[PDB]
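Engineer: Before I ask anything, here is the structure I am working with.
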Amino acid sequence: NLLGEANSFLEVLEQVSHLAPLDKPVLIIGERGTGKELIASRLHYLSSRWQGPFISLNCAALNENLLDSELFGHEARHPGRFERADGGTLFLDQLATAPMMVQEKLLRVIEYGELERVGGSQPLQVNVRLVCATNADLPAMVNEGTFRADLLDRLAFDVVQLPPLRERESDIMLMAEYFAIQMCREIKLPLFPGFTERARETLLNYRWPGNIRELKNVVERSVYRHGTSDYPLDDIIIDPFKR
Ligand SMILES: Nc1ncnc2c1ncn2[C@@H]1O[C@H](COP(=O)(O)OP(=O)(O)OP(=O)(O)O)[C@@H](O)[C@H]1O
Ligand SMILES: [Mg+2]
């Protein structure tokens, strides 16, 4: 799924088309629900590595010891995500939550191209194209001492900045209409009856902290609650916890 014709979004797609063929690491900056893993996927499938594996790992999800083992692997065997991504692309989400230990080890892999291993096993050479994502201000975290300056000096070969939905105002009604129509098909309404001006005001004035994921859920819920093709959708249900 890839909607949007806001110039800011089209510029991202152009940038991605040029970055994909490189073996260089790419940093994606963007809020939740803006499509970051989908962009990472595009970088993979437009690259020369497209027939190789596309592996993903969310850094925020795992505790420090588990993240270490999941990313770099362990034995006394559990192949880590770098190993699984050999010949392909590894996507690291919520990068700024990585503990400083993992950050240092990550830089080592990037700069030396091998996974450390003792206990008898020879080191593992890996060939992986890295894509990372975050919505943190990484330069600010470097100043705070919570992100490694040397990792950022190396990792940010270039940066893809995904615009939030609220800065893609023209895409809001375009996407809302698309999601509404899909929901009409799912609940077997003959036609999407349109959005009233009140509904449009509600959609366009909301700041969409959850961006596209949130827009889809809000619109689907609103269409379902409306439940008819006989007149236009007027009530946009942003918050389902209200009664
Ligand atoms: N260009 C797009 N066109 C249509 N839908 C999109 C687009 N980008 C994202 N979405 C929708 O938004 C939802 C979330 O996408 P995605 O997980 O890639 O965002 P994200 O930035 O990775 O969010 P998070 O970081 O919270 O996981 C998906 O269900 C997807 O359908
Ligand atoms: Mg994601």
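Identifiers in the structure tokens: chain A, B, ... in order shown; residue index from 1 per chain; ligand index from 1 in order shown.
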Could you give me, as a tab-separated table, a per-residue list for chain A showing, wherever an atom lies at most 6 Å from an atom of ligand 1, the closest pair of atoms and their distance in Å to one decimal, using only C-alpha atoms and all ligand atoms and sorting by chain then residue number from low to high?
Structural biologist:
```
residue	atom	partner	partner_atom_place_in_ligand_line	distance
A:1	CA	ligand 1	4 (C)	4.7
A:2	CA	ligand 1	3 (N)	3.2
A:3	CA	ligand 1	3 (N)	3.4
A:4	CA	ligand 1	1 (N)	5.9
A:31	CA	ligand 1	21 (O)	5.9
A:32	CA	ligand 1	26 (O)	3.5
A:33	CA	ligand 1	23 (O)	3.5
A:34	CA	ligand 1	21 (O)	3.9
A:35	CA	ligand 1	18 (O)	3.1
A:36	CA	ligand 1	22 (O)	3.9
A:37	CA	ligand 1	18 (O)	4.3
A:38	CA	ligand 1	18 (O)	4.5
A:212	CA	ligand 1	12 (O)	4.4
A:213	CA	ligand 1	12 (O)	4.0
```
Engineer: For residue A:182, work out the shell of residues within 12 Å, counting only C-alpha atoms and skipping chain neighbours fewer than 3 positions away, then give it as a VMD selection string.
Structural biologist: chain A and resid 175 to 179 185 to 192 216 to 217 219 to 221 223 to 224
Engineer: Among stretch 3-243 of chain A, which residues does DSSP mark as helix (DSSP H, G or I) when it is run on the backbone? Keep the chain and numbering as in the structure and answer as a ChimeraX atom specification.
Structural biologist: /A:7-19,36-45,64-72,81-84,95-97,100-112,138-144,149-155,165-167,169-186,197-205,211-226
Engineer: Extract, using only C-alpha atoms, all DNA, RNA and protein residues at most 12 Å from residue A:104, discarding same-chain residues fewer than 2 positions from it, and format them as a list in words.
Structural biologist: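 My reading of the contact set: residues 68, 98, 99, 100, 101, 102, 106, 107, 108, 109, 110, 111, 146, 147, 148, 149, 150, 151, 152, 154 and 155 of chain A.
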Engineer: For a test of reading the model, state the distance in Å between atom CA of residue A:126 and atom CA of residue A:83, rounded to one decimal.
Structural biologist: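 Interatomic distance here is 6.6 Å.
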Engineer: Show which residues sit within 12 Å of residue A:198, as a PyMOL selection string. Count only C-alpha atoms, and ignore same-chain residues fewer than 6 positions away.
Structural biologist: chain A and resi 204-205+232-236
Engineer: Output N, CA, C and O atoms for every residue in that selection, as a short mmCIF file (atom, residue, chain, number, x, y, z; two decimals), in the first residue's frame.
Structural biologist:
```cif
data_model
loop_
_atom_site.label_atom_id
_atom_site.label_comp_id
_atom_site.auth_asym_id
_atom_site.auth_seq_id
_atom_site.Cartn_x
_atom_site.Cartn_y
_atom_site.Cartn_z
N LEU A 204 -9.34 17.47 8.79
CA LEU A 204 -8.24 18.34 8.39
C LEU A 204 -7.67 19.15 9.56
O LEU A 204 -6.54 19.62 9.49
N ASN A 205 -8.44 19.29 10.63
CA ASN A 205 -7.98 20.06 11.80
C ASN A 205 -7.26 19.18 12.83
O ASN A 205 -6.47 19.69 13.63
N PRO A 232 -24.48 11.47 3.43
CA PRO A 232 -23.04 11.61 3.67
C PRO A 232 -22.63 11.38 5.11
O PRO A 232 -23.40 11.60 6.05
N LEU A 233 -21.39 10.92 5.26
CA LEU A 233 -20.76 10.71 6.55
C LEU A 233 -20.45 12.05 7.20
O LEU A 233 -19.70 12.86 6.64
N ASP A 234 -21.01 12.27 8.38
CA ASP A 234 -20.89 13.54 9.08
C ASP A 234 -20.07 13.43 10.36
O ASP A 234 -19.39 14.37 10.74
N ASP A 235 -20.12 12.26 11.00
CA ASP A 235 -19.52 12.08 12.32
C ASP A 235 -18.21 11.28 12.26
O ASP A 235 -18.22 10.06 12.15
N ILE A 236 -17.09 11.99 12.35
CA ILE A 236 -15.77 11.36 12.36
C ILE A 236 -15.42 11.02 13.81
O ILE A 236 -15.29 11.91 14.65
#
```
Engineer: Quick one: which stretch 20-91 of chain A residues come within 10 Å of stretch 130-133 of chain A, and what is the nearest atom pair for each with the distance in Å to one decimal, counting only C-alpha atoms, rows ordered by chain and ascending number, as a tab-separated table?
Structural biologist:
```
residue	atom	partner	partner_atom	distance
A:23	CA	A:130	CA	8.1
A:24	CA	A:130	CA	7.3
A:25	CA	A:130	CA	4.8
A:26	CA	A:131	CA	4.9
A:27	CA	A:132	CA	4.9
A:28	CA	A:133	CA	4.6
A:29	CA	A:133	CA	5.8
A:30	CA	A:133	CA	7.5
A:31	CA	A:133	CA	9.6
A:36	CA	A:133	CA	6.8
A:37	CA	A:133	CA	8.0
A:39	CA	A:131	CA	9.6
A:40	CA	A:131	CA	6.4
A:41	CA	A:131	CA	9.4
A:43	CA	A:131	CA	8.4
A:44	CA	A:131	CA	9.1
A:55	CA	A:130	CA	9.9
A:56	CA	A:131	CA	9.4
A:57	CA	A:132	CA	9.6
A:58	CA	A:133	CA	9.4
A:59	CA	A:133	CA	10.0
A:82	CA	A:130	CA	9.3
A:85	CA	A:130	CA	9.5
A:88	CA	A:130	CA	8.9
A:89	CA	A:130	CA	5.9
A:90	CA	A:130	CA	5.1
A:91	CA	A:131	CA	4.8
```
Engineer: Taking N, CA and C atoms for each residue, export the selection above as a PDB file, in the first residue's frame.
Structural biologist:
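Generated output (part.pdb):
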```pdb
ATOM      1  N   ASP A  23      24.990   0.529  -1.418  1.00  0.00           N
ATOM      2  CA  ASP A  23      25.153  -0.384  -0.283  1.00  0.00           C
ATOM      3  C   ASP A  23      25.312   0.394   1.030  1.00  0.00           C
ATOM      4  N   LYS A  24      25.127   1.707   0.954  1.00  0.00           N
ATOM      5  CA  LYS A  24      25.311   2.590   2.099  1.00  0.00           C
ATOM      6  C   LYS A  24      24.142   2.544   3.072  1.00  0.00           C
ATOM      7  N   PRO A  25      24.421   2.740   4.371  1.00  0.00           N
ATOM      8  CA  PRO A  25      23.321   2.769   5.343  1.00  0.00           C
ATOM      9  C   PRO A  25      22.429   3.992   5.170  1.00  0.00           C
ATOM     10  N   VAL A  26      21.141   3.810   5.433  1.00  0.00           N
ATOM     11  CA  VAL A  26      20.158   4.874   5.304  1.00  0.00           C
ATOM     12  C   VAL A  26      19.388   5.011   6.609  1.00  0.00           C
ATOM     13  N   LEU A  27      19.236   6.251   7.055  1.00  0.00           N
ATOM     14  CA  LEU A  27      18.469   6.568   8.249  1.00  0.00           C
ATOM     15  C   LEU A  27      17.136   7.183   7.832  1.00  0.00           C
ATOM     16  N   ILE A  28      16.042   6.616   8.334  1.00  0.00           N
ATOM     17  CA  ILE A  28      14.700   7.122   8.070  1.00  0.00           C
ATOM     18  C   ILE A  28      14.171   7.788   9.337  1.00  0.00           C
ATOM     19  N   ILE A  29      13.796   9.057   9.225  1.00  0.00           N
ATOM     20  CA  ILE A  29      13.231   9.802  10.342  1.00  0.00           C
ATOM     21  C   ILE A  29      11.749  10.031  10.083  1.00  0.00           C
ATOM     22  N   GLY A  30      10.916   9.711  11.061  1.00  0.00           N
ATOM     23  CA  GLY A  30       9.491   9.918  10.910  1.00  0.00           C
ATOM     24  C   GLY A  30       8.690   9.434  12.095  1.00  0.00           C
ATOM     25  N   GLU A  31       7.523  10.042  12.271  1.00  0.00           N
ATOM     26  CA  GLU A  31       6.601   9.692  13.345  1.00  0.00           C
ATOM     27  C   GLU A  31       5.985   8.316  13.130  1.00  0.00           C
ATOM     28  N   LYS A  36       7.495   4.001   7.624  1.00  0.00           N
ATOM     29  CA  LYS A  36       8.950   3.830   7.631  1.00  0.00           C
ATOM     30  C   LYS A  36       9.412   2.430   7.203  1.00  0.00           C
ATOM     31  N   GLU A  37       8.778   1.366   7.692  1.00  0.00           N
ATOM     32  CA  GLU A  37       9.205   0.023   7.290  1.00  0.00           C
ATOM     33  C   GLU A  37       8.874  -0.234   5.817  1.00  0.00           C
ATOM     34  N   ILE A  39       9.027   2.070   3.483  1.00  0.00           N
ATOM     35  CA  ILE A  39      10.112   2.743   2.775  1.00  0.00           C
ATOM     36  C   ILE A  39      11.375   1.883   2.827  1.00  0.00           C
ATOM     37  N   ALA A  40      11.643   1.268   3.974  1.00  0.00           N
ATOM     38  CA  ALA A  40      12.802   0.385   4.086  1.00  0.00           C
ATOM     39  C   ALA A  40      12.667  -0.784   3.113  1.00  0.00           C
ATOM     40  N   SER A  41      11.446  -1.294   2.985  1.00  0.00           N
ATOM     41  CA  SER A  41      11.157  -2.398   2.077  1.00  0.00           C
ATOM     42  C   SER A  41      11.435  -1.992   0.632  1.00  0.00           C
ATOM     43  N   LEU A  43      13.539   0.375  -0.365  1.00  0.00           N
ATOM     44  CA  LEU A  43      14.985   0.463  -0.516  1.00  0.00           C
ATOM     45  C   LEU A  43      15.561  -0.907  -0.854  1.00  0.00           C
ATOM     46  N   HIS A  44      15.056  -1.950  -0.203  1.00  0.00           N
ATOM     47  CA  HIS A  44      15.498  -3.310  -0.487  1.00  0.00           C
ATOM     48  C   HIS A  44      15.119  -3.766  -1.898  1.00  0.00           C
ATOM     49  N   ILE A  55      15.168  -8.459   6.471  1.00  0.00           N
ATOM     50  CA  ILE A  55      14.986  -8.772   7.885  1.00  0.00           C
ATOM     51  C   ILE A  55      14.697  -7.503   8.673  1.00  0.00           C
ATOM     52  N   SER A  56      13.783  -7.596   9.638  1.00  0.00           N
ATOM     53  CA  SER A  56      13.436  -6.456  10.482  1.00  0.00           C
ATOM     54  C   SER A  56      13.618  -6.782  11.958  1.00  0.00           C
ATOM     55  N   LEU A  57      13.971  -5.764  12.735  1.00  0.00           N
ATOM     56  CA  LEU A  57      14.113  -5.894  14.177  1.00  0.00           C
ATOM     57  C   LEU A  57      13.708  -4.584  14.830  1.00  0.00           C
ATOM     58  N   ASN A  58      12.793  -4.648  15.794  1.00  0.00           N
ATOM     59  CA  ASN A  58      12.442  -3.472  16.584  1.00  0.00           C
ATOM     60  C   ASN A  58      13.280  -3.434  17.860  1.00  0.00           C
ATOM     61  N   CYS A  59      14.127  -2.417  17.966  1.00  0.00           N
ATOM     62  CA  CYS A  59      15.071  -2.310  19.072  1.00  0.00           C
ATOM     63  C   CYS A  59      14.405  -1.992  20.408  1.00  0.00           C
ATOM     64  N   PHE A  82      21.674 -10.033  11.860  1.00  0.00           N
ATOM     65  CA  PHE A  82      22.700  -9.719  10.867  1.00  0.00           C
ATOM     66  C   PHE A  82      23.016 -10.950  10.021  1.00  0.00           C
ATOM     67  N   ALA A  85      20.300 -11.749   7.621  1.00  0.00           N
ATOM     68  CA  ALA A  85      20.179 -10.732   6.577  1.00  0.00           C
ATOM     69  C   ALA A  85      21.344 -10.733   5.591  1.00  0.00           C
ATOM     70  N   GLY A  88      21.455  -9.476   2.022  1.00  0.00           N
ATOM     71  CA  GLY A  88      20.231  -8.697   1.921  1.00  0.00           C
ATOM     72  C   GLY A  88      20.254  -7.409   2.717  1.00  0.00           C
ATOM     73  N   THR A  89      19.103  -7.063   3.287  1.00  0.00           N
ATOM     74  CA  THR A  89      18.916  -5.806   3.999  1.00  0.00           C
ATOM     75  C   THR A  89      18.376  -6.060   5.401  1.00  0.00           C
ATOM     76  N   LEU A  90      18.925  -5.343   6.378  1.00  0.00           N
ATOM     77  CA  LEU A  90      18.431  -5.383   7.751  1.00  0.00           C
ATOM     78  C   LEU A  90      17.842  -4.026   8.120  1.00  0.00           C
ATOM     79  N   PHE A  91      16.585  -4.045   8.556  1.00  0.00           N
ATOM     80  CA  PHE A  91      15.883  -2.852   9.010  1.00  0.00           C
ATOM     81  C   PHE A  91      15.807  -2.824  10.537  1.00  0.00           C
TER      82      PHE A  91
END
```
Engineer: Of the residues A:230, A:144, A:93, A:114, which is the one nearest to residue A:193, using only C-alpha atoms?
Structural biologist: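 Ranked by minimum distance to residue A:193, first place goes to A:230.
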Engineer: Considering only C-alpha atoms, return as a PyMOL selection string whatever protein or nucleic-acid residues lie within 12 Å of residue A:15, sequence-local ones (same chain, fewer than 6 positions apart) excluded.
Structural biologist: chain A and resi 8-9+21-22+26+28+39+42-43+46+158-162
Engineer: Among stretch 26-170 of chain A, which residues does DSSP mark as strand (DSSP E or B) when it is run on the backbone? Keep the chain and numbering as in the structure and answer as an NGL selection string.
Structural biologist: :A and (26-29 or 54-58 or 74 or 78 or 89-93 or 114-115 or 124-125 or 129-134 or 158-161)
Engineer: Within 12 Å of residue A:118, counting only C-alpha atoms, which residues qualify if same-chain residues fewer than 4 places away don't, as a list in words?
Structural biologist: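 My list of contacting residues is residues 74, 75, 76, 122, 123 and 124 of chain A.
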Engineer: Export, as a CSV table (one decimal), in the first residue's frame, the selected residues with N, CA, C and O atoms.
Structural biologist:
```
chain,number,residue,atom,x,y,z
A,74,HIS,N,24.0,-15.8,19.3
A,74,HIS,CA,24.8,-16.4,20.4
A,74,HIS,C,24.8,-17.9,20.1
A,74,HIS,O,24.3,-18.5,19.2
A,75,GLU,N,25.6,-18.6,21.0
A,75,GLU,CA,25.7,-20.1,20.9
A,75,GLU,C,25.6,-20.7,22.3
A,75,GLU,O,24.6,-20.9,22.8
A,76,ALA,N,26.8,-21.1,22.9
A,76,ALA,CA,26.8,-21.8,24.1
A,76,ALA,C,26.2,-20.9,25.2
A,76,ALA,O,25.1,-21.2,25.7
A,122,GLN,N,35.2,-19.2,14.8
A,122,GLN,CA,35.8,-18.1,14.1
A,122,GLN,C,34.8,-17.0,13.9
A,122,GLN,O,33.6,-17.3,13.8
A,123,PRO,N,35.2,-15.7,13.7
A,123,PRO,CA,34.3,-14.6,13.5
A,123,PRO,C,33.5,-14.8,12.2
A,123,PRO,O,34.0,-15.5,11.3
A,124,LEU,N,32.3,-14.3,12.2
A,124,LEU,CA,31.4,-14.4,11.1
A,124,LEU,C,31.4,-13.1,10.2
A,124,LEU,O,31.0,-12.1,10.7
```
Engineer: May I ask which of the residues A:67, A:19, A:12, A:92 is the closest one to ligand 2, counting only C-alpha atoms and all ligand atoms?
Structural biologist: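 The answer is A:92, which sits nearest to ligand 2.
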Engineer: From the options A:116, A:17, A:227, A:135, which residue's atoms come nearest to ligand 2, counting only C-alpha atoms and all ligand atoms?
Structural biologist: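 With only C-alpha atoms and all ligand atoms as the atom set, the closest residue is A:135.
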